[PDB]
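First the structure, in the form of structure tokens, and then the observations on it.
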Ligand SMILES: *[C@H]1O[C@H](CO)[C@@H](O)[C@H](O)[C@@H]1O
């Protein structure tokens with residue numbers, strides 16, 4: 001799962017896009033999306 005304050009789903013990020021319970025993937029920039 002994506003981590004809190006970690007990148008959740010940006011362009012190029014092939015990692016876990018689904019956040020952990022209690023956190024939400026929020027796109028801050030097109031390439032940087034942070035799980036808050
Ligand atoms: C927070 O941790 C997760 C794995 O638990 C990463 O995928 C994420 O990019 C960030 O390092």
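Residue numbers (the deposited numbering): 1 to 36. Beta carbons: idealized from backbone N, C-alpha and C, even for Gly.
Cross-strand partners of residue i (DSSP beta bridge)
i          : result
residue 20 : The partner list for residue 20 (beta bridge, DSSP) is empty, contrary to what the question assumes.
residue 25 : 35
Beta-carbon proximity check, residue i vs residue j, cutoff 7 Å
i          : j          : result
residue 25 : residue 14 : no
residue 17 : residue 35 : no
beta-carbon residue i near ligand 1 non-hydrogen atom, thresh 6 Å
i          : result
residue 3  : yes
residue 37 : The structure shown has nothing for residue 37, since the chain only spans 1 to 36.
residue 26 : no
residue 16 : yes
Residue nearest to residue i in terms of C-alpha spacing, selected from the options
i          : options   : result
residue 29 : 10, 18, 6 : 10
residue 27 : 8, 20, 19 : 8
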